[PDB]
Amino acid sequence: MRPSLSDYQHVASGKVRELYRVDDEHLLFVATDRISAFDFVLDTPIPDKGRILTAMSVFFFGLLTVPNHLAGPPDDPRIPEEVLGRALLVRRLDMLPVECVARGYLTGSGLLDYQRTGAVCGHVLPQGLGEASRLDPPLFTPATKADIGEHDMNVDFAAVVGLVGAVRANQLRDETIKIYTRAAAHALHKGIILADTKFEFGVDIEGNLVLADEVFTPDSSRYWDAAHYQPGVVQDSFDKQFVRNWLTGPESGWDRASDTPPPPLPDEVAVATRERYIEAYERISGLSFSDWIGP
């Protein structure tokens, strides 16, 4: 028999994820069905999104050889029925206060910083780059969390040294670039570009660096269709473009520039979005989502 979620202490809440205490040395990482667009958490959930993103994380934890925070199987008895398939049993770690970001392509705040200064997070770049330009080798572009509602602040390597130490900062940079390079090549071989990714790490009792976050989900990473990749224009979001198109189109009745919260989504847009998440998972993993555990 599985415990109730109310048997555990709710310890933290995020935009589309939740965290619970299991005992002194273990936590429960939970993915919800909520989705974000244009910096709003939308009213309408995407069915099975939490389960699909958890399947994705478990696949990539398996593929990568680096230590990670998993402390049990996806069907561990300590996981409540209500979150089965969208929750993981993990070990408690001393977390490092650095958002460890790798970028293989120039977009978002990376592109903006380049267009303003000619550099990104202390990396002076060649002249002549633009939207969705390839960056090779990929860049370590660390950031720090700001206040509620605000975007993370981009920082340089020296800033990271002052947060975690010189030797540890070099380790974060090296492991972030190594892991991203491997995952990106794997996805591209199957027709999906991982344009960038954001990692969070912790340290265990022996001093070892441990990957401790969801990993390579379409929330932590920009997924693009490789078949339509064209440097110089904005790329469609593999998972979120149907949501974006409806919200900004003729039928929503919503003006993005009003900064008012958006309306609920059509049921059919939510179902089409679920299909897109399933397509991304099955193409990258080579597995079938119909075999992933659930309630």
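Counting begins at 1, following the sequence as shown.
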property	result
Residue range whose averaged C-alpha B-factor is higher in the record, 145 to 153 or 104 to 112	145 to 153
157 to 165 or 205 to 213, whichever carries the higher mean Cα B-factor	205 to 213
Lowest, middle or highest third - CA B-factor, residue 76	middle
Residue 270, C-alpha B-factor rank within chain (lowest, middle or highest third)	middle
Ranked against its chain, the third holding the CA B-factor of residue 233	highest
Modelled-residue ranking by C-alpha temperature factor, third containing residue 226	middle
Residue 66 by Cα B-factor - lowest, middle or highest third of the modelled chain	highest
